[PDB]
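Before any comments, here is the structure.
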Number of protein chains: 4
Amino acid sequence: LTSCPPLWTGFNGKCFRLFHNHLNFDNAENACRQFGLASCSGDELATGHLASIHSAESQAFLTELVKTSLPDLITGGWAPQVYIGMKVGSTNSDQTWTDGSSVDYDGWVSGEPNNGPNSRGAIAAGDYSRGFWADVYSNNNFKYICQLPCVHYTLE
Amino acid sequence: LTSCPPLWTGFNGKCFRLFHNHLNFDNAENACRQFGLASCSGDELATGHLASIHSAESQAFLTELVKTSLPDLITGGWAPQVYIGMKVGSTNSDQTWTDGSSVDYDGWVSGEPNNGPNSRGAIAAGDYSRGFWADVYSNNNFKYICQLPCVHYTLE
Amino acid sequence: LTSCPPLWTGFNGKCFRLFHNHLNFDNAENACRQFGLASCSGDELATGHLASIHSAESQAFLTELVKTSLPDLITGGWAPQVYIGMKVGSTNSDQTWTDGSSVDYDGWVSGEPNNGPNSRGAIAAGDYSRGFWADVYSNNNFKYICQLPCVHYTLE
Amino acid sequence: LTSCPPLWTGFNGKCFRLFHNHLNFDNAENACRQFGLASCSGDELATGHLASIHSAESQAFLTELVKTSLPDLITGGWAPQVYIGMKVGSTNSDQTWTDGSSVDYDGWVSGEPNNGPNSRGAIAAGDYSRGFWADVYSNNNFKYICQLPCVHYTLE
Ligand SMILES: OC[C@H]1O[C@H](OC[C@H]2O[C@H](O)[C@H](O)[C@@H](O)[C@@H]2O)[C@H](O)[C@@H](O)[C@H]1O
Ligand SMILES: OC[C@H]1O[C@H](OC[C@H]2O[C@H](O)[C@H](O)[C@@H](O)[C@@H]2O)[C@H](O)[C@@H](O)[C@H]1O
Ligand SMILES: OC[C@H]1O[C@H](OC[C@H]2O[C@H](O)[C@H](O)[C@@H](O)[C@@H]2O)[C@H](O)[C@@H](O)[C@H]1O
Ligand SMILES: OC[C@H]1O[C@H](OC[C@H]2O[C@H](O)[C@H](O)[C@@H](O)[C@@H]2O)[C@H](O)[C@@H](O)[C@H]1O
Ligand SMILES: [Ca+2]
Ligand SMILES: [Ca+2]
Ligand SMILES: [Ca+2]
Ligand SMILES: [Ca+2]
């Protein structure tokens, strides 16, 4: 069990939340950056971010979260698409996460990404893609998932 | 912080979840009883339950949970109505919770309950009632909120 | 990461505490039974217990907890010996835990148990045994480790 | 309930630990600074510290932690004294904590501080002082209490 604030839901030491208002990629990432981590004495230490995903288990959890929350929107295509923190740059091999973590799990639907350069990843929860990732235009207005600053203690 | 399993959300030492399929009151309560608490050695110790509410703060939290999860269904009326564990019996003063806890908070919209005997409580999230409670027929098919067995350590 | 009450320390979903006063096996188990688990509505659901151990990792954690708490008592022999919930009955193969969990990890020092029938398990933290288990007389007065009722949520 | 790493014990959203080796004030703080907080992607965000205390309840908890851990050392005087992060500067009114939090709770034994300038705080657990603070030389070798970086999420 992970501990998270009210309205947020934990998996594997991370806290997530899906937001229902539609934002483009930059505004969405900005929205997530309004959530933070701070020392008890006042200093802001880190910021939130669109979600990153590092295992098939994280991916299945996020997929279920989208499907359970948006049950009447599930189509037979790709929709609903929901923003995560993935950025495809000048070539398909340039992949990064907004939280700056490493790209060590390939969750793309086969064929994807194919809308480069400078496209954005989204969870595509329609029956065609089953939650695995599509790349889209940053200017699309979509729902999105935030993560809280991911952190652990170090002992040494 | 409260620690809850994935998909569940904690407030004040309790873990809740909103389910989106429509069930009548008895089937809903049944669905919540599929979730339990167990010793690590295997004995089942308690069962889940439609949510109970013991303070204005619990009530505001559950309201926000319904409004954020179901933003497109919010009407100017009572709808969406969502089941909680409240039972009105033979008279209005016979009020009980399915988890067996005490009725020490009155969250009723004024004029409610008015559909007795043997009516059922629901959160009425439309703009008319703001999440405060209506009473209804047990045979209505609604979405519902489950709580996991509420539990604390005793230390002496 | 595990949440425990003050003075108690968590590992892997369980909460443990070492007590410094010396008690025979029965009184010690009794002492741990003063700690409990309870519904928020009043019913007592389970009781504490001398620690059980189900993996090499639980074992190393308990060993470290003893060594770091009693640093001046560590001898080059078996001492200090500290009670856990292990019971050897009429034969060496009759091994049980007081919390009723399964004996699925062999933490015995080679040669142990050898003081049957009806002997008791103890962590032997002297340099000879490195925290691995000796069996002793139930009438020995030792320090001991309690665990709080171990519990998880069930989802199905 | 607070979640802490193994061997550490939580109170009120903070994790603490008592160490049994004697160090002077600077070496003690240094030892606590070996424990940190870090982003999952690698950046070190904060460091540990000698404990700070901000309420009568924090103070009773730390007192109980010292008394339960060191039961044979309790004298009828001040001993055992145990370092916390309190610094008294050039005057008695110059009081600071090493974690940089605010001095908003007075836990001094009456008469203290009286060994300034540049003295240091310690919990004095003997029967004379009951855990409340004495000020001492920085060059005394004592046991000490560390706190892990105290942090919370900001919902802004
Ligand atoms: O992000 C989803 C998706 O967007 C583009 O969609 C192709 C699909 O949409 C069409 O309108 C048509 O109705 C579908 O049959 C077709 O599969 C894009 O080409 C995909 O790469 C993907 O990004
Ligand atoms: O369950 C909701 C609600 O049902 C009944 O509604 C009275 C209300 O609905 C009318 O159709 C009208 O449009 C509304 O203005 C009026 O408030 C029942 O009377 C309530 O107790 C409550 O159960
Ligand atoms: O409980 C510890 C231990 O007690 C018995 O001790 C055997 C050991 O102690 C002897 O005095 C000798 O000095 C040691 O070298 C020897 O190992 C018992 O035999 C063990 O099974 C165990 O219970
Ligand atoms: O650090 C503890 C304490 O040290 C000084 O002790 C005064 C106390 O010790 C005396 O030897 C005498 O035995 C006690 O009765 C007396 O209380 C100092 O004066 C204190 O401020 C404090 O630092
Ligand atoms: Ca695409
Ligand atoms: Ca009604
Ligand atoms: Ca033996
Ligand atoms: Ca002094």
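Letters for chains follow the order of the structure tokens (A, B, ...), residue numbers begin at 1 for each chain, and ligand numbers begin at 1 in the order shown.
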Taking the chain letters and numbering used in this document, name the residues of segment 11-117 of chain C that DSSP puts in alpha helix (DSSP H), as an MDAnalysis selection string.
chainID C and resid 25:32 56:69
Select, as a PyMOL selection string, those residues of chain B with any atom no more than 9 Å from chain D (distances computed using only C-alpha atoms).
chain B and resi 1-2+13
Expected file: the selected residues, N, CA, C and O atoms, as a tab-separated table (two decimals), in the first residue's frame:
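Result file follows (selection.tsv):
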chain	number	residue	atom	x	y	z
B	1	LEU	N	-1.48	11.06	6.10
B	1	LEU	CA	-1.97	10.30	4.91
B	1	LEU	C	-2.70	8.98	5.26
B	1	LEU	O	-2.44	8.33	6.30
B	2	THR	N	-3.65	8.60	4.39
B	2	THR	CA	-4.27	7.29	4.49
B	2	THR	C	-3.69	6.37	3.38
B	2	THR	O	-3.47	6.80	2.26
B	13	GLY	N	-8.36	7.96	7.36
B	13	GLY	CA	-8.27	6.55	7.78
B	13	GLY	C	-9.26	5.55	7.17
B	13	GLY	O	-9.29	4.40	7.59
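For the pair atom CA of residue 32 of chain C and atom CA of residue 147 of chain C, the separation is 7.3 Å.
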Contacts of ligand 3, 12 Å or closer, only C-alpha atoms and all ligand atoms, given as a ChimeraX atom specification
/C:75-83,108-116,119-138,140-142
For segment 50-52 of chain B, work out the shell of residues within 8 Å, counting only C-alpha atoms and skipping chain neighbours fewer than 5 positions away, then give it as a PyMOL selection string.
chain B and resi 16+28-29+32+83-86+97-99+101+144-147
Take the residues from that selection and write them out as a short mmCIF file (atom, residue, chain, number, x, y, z; two decimals), in the first residue's frame, keeping C-alpha atoms.
data_model
loop_
_atom_site.label_atom_id
_atom_site.label_comp_id
_atom_site.auth_asym_id
_atom_site.auth_seq_id
_atom_site.Cartn_x
_atom_site.Cartn_y
_atom_site.Cartn_z
CA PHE B 16 -13.37 4.55 -0.72
CA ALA B 28 -24.78 -2.76 -4.43
CA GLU B 29 -24.19 -3.68 -0.79
CA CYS B 32 -19.09 -3.99 -1.59
CA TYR B 83 -25.87 4.92 -3.17
CA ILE B 84 -24.44 5.10 0.33
CA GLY B 85 -25.14 2.65 3.21
CA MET B 86 -28.16 4.53 4.72
CA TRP B 97 -25.75 2.11 8.37
CA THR B 98 -24.89 -1.25 6.64
CA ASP B 99 -21.40 -1.38 8.27
CA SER B 101 -21.67 2.29 12.73
CA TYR B 144 -22.54 3.50 -5.54
CA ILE B 145 -19.66 4.10 -3.15
CA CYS B 146 -17.94 1.24 -1.30
CA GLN B 147 -15.75 1.53 1.79
#
Can you tell me how far atom CA of residue 11 of chain C sits from atom CA of residue 55 of chain C, in Å to one decimal?
11.7 Å
Just list as a PyMOL selection string whatever in segment 31-114 of chain D DSSP marks as strand (DSSP E or B).
chain D and resi 35-39+44-47+49-50+81-88+95-97+108
Output for the residues just chosen: N, CA, C and O atoms as a tab-separated table (two decimals), in the first residue's frame:
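Wrote part_23.tsv, looks like this:
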chain	number	residue	atom	x	y	z
D	35	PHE	N	21.69	10.37	5.90
D	35	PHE	CA	20.36	9.90	5.48
D	35	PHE	C	19.65	10.97	4.66
D	35	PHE	O	19.55	12.13	5.07
D	36	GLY	N	19.15	10.61	3.49
D	36	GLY	CA	18.58	11.62	2.62
D	36	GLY	C	17.21	11.41	2.07
D	36	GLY	O	16.53	10.46	2.44
D	37	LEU	N	16.83	12.31	1.17
D	37	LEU	CA	15.62	12.18	0.34
D	37	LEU	C	16.04	12.37	-1.10
D	37	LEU	O	16.87	13.23	-1.40
D	38	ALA	N	15.48	11.58	-2.01
D	38	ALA	CA	15.91	11.67	-3.44
D	38	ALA	C	14.79	11.42	-4.41
D	38	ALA	O	13.93	10.60	-4.14
D	39	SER	N	14.79	12.13	-5.53
D	39	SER	CA	13.83	11.83	-6.60
D	39	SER	C	14.09	10.43	-7.15
D	39	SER	O	15.22	9.93	-7.08
D	44	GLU	N	19.44	14.25	-5.50
D	44	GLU	CA	19.32	14.36	-4.03
D	44	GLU	C	18.52	15.64	-3.66
D	44	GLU	O	18.87	16.74	-4.06
D	45	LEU	N	17.43	15.50	-2.93
D	45	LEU	CA	16.62	16.67	-2.63
D	45	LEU	C	16.81	17.29	-1.25
D	45	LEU	O	16.65	18.49	-1.11
D	46	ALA	N	17.10	16.48	-0.24
D	46	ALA	CA	17.27	16.99	1.11
D	46	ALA	C	18.16	16.06	1.91
D	46	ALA	O	18.49	14.97	1.43
D	47	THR	N	18.54	16.49	3.11
D	47	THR	CA	19.33	15.70	4.01
D	47	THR	C	18.67	15.60	5.38
D	47	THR	O	17.96	16.53	5.80
D	49	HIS	N	19.26	15.08	9.70
D	49	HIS	CA	19.41	16.12	10.76
D	49	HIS	C	19.11	15.59	12.17
D	49	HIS	O	18.22	14.81	12.34
D	50	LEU	N	19.89	15.96	13.18
D	50	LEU	CA	19.36	15.91	14.56
D	50	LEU	C	17.86	16.36	14.69
D	50	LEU	O	17.42	17.30	14.05
D	81	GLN	N	21.64	11.95	28.90
D	81	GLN	CA	21.44	13.08	27.99
D	81	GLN	C	21.69	12.58	26.58
D	81	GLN	O	22.59	11.80	26.37
D	82	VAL	N	20.89	13.07	25.62
D	82	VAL	CA	20.83	12.59	24.24
D	82	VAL	C	20.65	13.82	23.34
D	82	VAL	O	19.72	14.58	23.53
D	83	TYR	N	21.53	14.00	22.36
D	83	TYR	CA	21.50	15.19	21.49
D	83	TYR	C	20.25	15.32	20.63
D	83	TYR	O	19.69	14.34	20.16
D	84	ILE	N	19.81	16.56	20.45
D	84	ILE	CA	18.76	16.93	19.49
D	84	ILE	C	19.38	18.09	18.72
D	84	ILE	O	20.46	18.53	19.08
D	85	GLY	N	18.76	18.56	17.65
D	85	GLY	CA	19.38	19.63	16.88
D	85	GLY	C	19.32	21.06	17.39
D	85	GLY	O	19.41	21.99	16.59
D	86	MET	N	19.22	21.28	18.71
D	86	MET	CA	19.11	22.67	19.24
D	86	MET	C	20.45	23.38	19.43
D	86	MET	O	21.32	22.87	20.10
D	87	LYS	N	20.58	24.58	18.85
D	87	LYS	CA	21.74	25.46	19.00
D	87	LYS	C	21.39	26.75	19.73
D	87	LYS	O	20.49	27.47	19.33
D	88	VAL	N	22.11	27.04	20.80
D	88	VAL	CA	22.04	28.34	21.44
D	88	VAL	C	23.27	29.14	21.02
D	88	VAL	O	24.39	28.69	21.23
D	95	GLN	N	18.17	31.03	19.32
D	95	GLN	CA	17.97	29.58	19.29
D	95	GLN	C	17.61	29.12	17.88
D	95	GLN	O	16.72	29.68	17.26
D	96	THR	N	18.34	28.14	17.36
D	96	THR	CA	18.05	27.60	16.02
D	96	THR	C	18.05	26.08	16.01
D	96	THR	O	18.58	25.46	16.93
D	97	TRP	N	17.43	25.48	14.99
D	97	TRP	CA	17.42	24.04	14.79
D	97	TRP	C	18.28	23.72	13.55
D	97	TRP	O	18.30	24.49	12.60
D	108	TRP	N	12.74	23.60	27.38
D	108	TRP	CA	13.83	23.70	28.34
D	108	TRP	C	13.38	23.37	29.75
D	108	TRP	O	12.28	23.74	30.14
Which distance in Å separates atom CA of residue 94 of chain D and atom 18 (C, counted along the ligand's line) of ligand 4, to one decimal?
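Calculated distance between atom CA of residue 94 of chain D and atom 18 (C, counted along the ligand's line) of ligand 4 is 19.3 Å.
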